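A lone chain, given as structure tokens: the form deposited in one PDB entry.
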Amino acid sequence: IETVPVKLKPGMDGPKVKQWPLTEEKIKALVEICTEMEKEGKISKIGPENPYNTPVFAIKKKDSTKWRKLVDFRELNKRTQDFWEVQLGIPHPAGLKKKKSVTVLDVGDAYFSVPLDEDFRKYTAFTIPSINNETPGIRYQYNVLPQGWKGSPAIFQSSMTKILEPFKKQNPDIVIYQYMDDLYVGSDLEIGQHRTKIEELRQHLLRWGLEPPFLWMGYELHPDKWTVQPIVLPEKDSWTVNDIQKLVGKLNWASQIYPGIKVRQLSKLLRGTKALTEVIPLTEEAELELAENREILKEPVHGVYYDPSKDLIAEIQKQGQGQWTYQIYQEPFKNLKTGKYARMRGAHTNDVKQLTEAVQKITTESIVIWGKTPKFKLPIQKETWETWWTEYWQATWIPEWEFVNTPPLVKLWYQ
């Protein structure tokens, strides 16, 4: 009810980010949402003495028909002070990734109950544009904690802990983790049980609230079943020259990750100048070297550690037929997680929708495991991505990304 003082980082002005083009349907939806938010006092019109801006658009959360306003506070979040005043941070719970079920709740509506520091409001300015710029864009700023701003869960943290105390005391084995507008609630119960504890949890908020438009939803995960991708070599009875070349190629790449990989004896099978399709019998020396490489590849990678002060990097490869491979790392060749997807999810003919869904799932896994989002290296032209990703976005956060314009050879080895 009293505002927490907030500042930007030293020597750093507010965001002045261009609003990108919006479709007619998205503009209509935002005009309706913001008219209501204005009546409720959450936002207020602003004048031309405010030159700041943050992009806004609208989405439809997974499995609903109602538009949700989404502000892209990525720039403001970079420029906002860090919040260590009461807590040097919320030590990430390592047990969350080990629960059998984790439901994600959109609790962002609760933030609207806390006023925003009067001196910081100007920096949350945004614009609803008009088609063809025929009328002046509608300019607003926030009077309360905005959804999507990193300072919102920080300022509301004291209030959230108090709301949840009765539920935590009564259910001590439940892991509850908050990231931005999301609440991740993990349990080891049978799903039927689980769904009922989640519904118990909703009521604590409804009770405190007395209506949140998306609090009823629930995104169910199962991190204990999350699959990884070790390096595996083919098992064949007939090896062509081409098969062996691909094998030696993959082993050469693996040797950057695993020390004791050897290809001497396997290369020695190719002695001469043979047709690619000619079958080569494996020598005993080559079979042994191959088996020893198999054994090496069953062990973890040496010297792999997570450092919370370094960026997480996510790379994605399109493998075809709706399949995607990805790796998360901080140092080259020190993968902290690898994976593979195959579920296009209503996108069997849209590469870009598939990639957008992959980005969201990888970000979700990254939030659960380490409590922050990775920086993506996306296999797509900037202009294509920039034009379309907002059409398929269903998360309330947005990660960072860069673009890969040269085809990686490593695609072959994660196949």
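Heads up, when I say rigid core I mean the largest set of C-alphas that superpose within 1.5 Å between the two forms. Counting begins at 1, following the sequence as shown.
Unshown form deposited in another entry; subsequent notes refer to it.
Comparing the two forms between the shown form and the other one on the rigid core, the single residue of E75, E287, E200, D117 with a CA shift of 2 Å or greater is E287. Remark: with the core as the superposition reference, the CA shift of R264 between the shown form and the other one reaches 2 Å or more.
Relative to the superposed rigid core, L164 undergoes a CA displacement smaller than 2 Å between the shown form and the other one. A movement of the C-alpha atom of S44 falling short of 2 angstroms is seen between the shown form and the other one when the two forms are aligned on their rigid core. Between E85 and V104, the Cα spacing is smaller in the other entry than in the shown form, differing by no less than 3 Å. Panel note: the distance between the CA atoms of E85 and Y179 is smaller in the other entry than in this form, the difference being 3 Å or more.
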